[PDB]
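Observations on the three-dimensional arrangement
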Amino acid sequence: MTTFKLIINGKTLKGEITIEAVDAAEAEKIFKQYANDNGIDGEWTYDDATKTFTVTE
């Protein structure tokens, strides 16, 4: 069960949409694409302690 999350730290989007992926690396890609489709572009940080990223805008 590899469900990675993503906290959005910016005016665009705001939550932790959980998604499954081969590893956190792919999750960051799925998260880094899901953000563009909405307009989320800023910073990015992965949390290996909570399996959650952090996309700022």
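Residues numbered from 1 in each chain as written, not as in the entry; some residues may be left out. Heavy atoms only, no water.

The PDB entry lists the protein chain under the name GB1-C3B4, with Streptococcus sp. as the source organism.

Description of the environment of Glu 43
Positionally, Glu 43 belongs in the loop between helix 1 (24-38) and strand 3 (52-56). For the pair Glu 43 and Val 55, spaced 12 residues apart in sequence, the C-alpha to C-alpha distance is 5.3 Å. With residues near it in sequence (within four places) discarded, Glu 43 still touches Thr 54, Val 55, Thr 56 and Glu 57. (Helix = DSSP H or I, 4+ residues; strand = E, 2+ residues; numbered from the N terminus. Contact = heavy atoms within 4.5 Å.)

A few points about the environment of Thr 18
Mapped onto the fold, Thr 18 is located in the loop between strand 1 (3-9) and strand 2 (19-20). A residue is classified by how much of its surface remains accessible, and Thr 18, at 42% relative accessible area, is partly exposed. The spacing of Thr 18 and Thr 52 is 34 residues in sequence and 8.6 Å in space, taken between C-alpha atoms. Here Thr 18 is in contact with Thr 3, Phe 4 and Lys 5, once residues within four sequence places are set aside. (Buried < 20%, exposed > 50% of the residue type's maximum accessible area, 1.4 Å probe, protein only.)

So, the environment of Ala 24
Looking at where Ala 24 falls in the secondary structure, it is placed in helix 1. Relative accessible area serves as the criterion here: at 12%, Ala 24 is assigned to the buried category. Sequence-wise, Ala 24 and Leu 6 are 18 residues apart; in three dimensions their C-alpha atoms are separated by 11 Å. In this view, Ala 24 contacts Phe 4, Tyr 46 and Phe 53; residues no more than four positions away in its chain are not counted.

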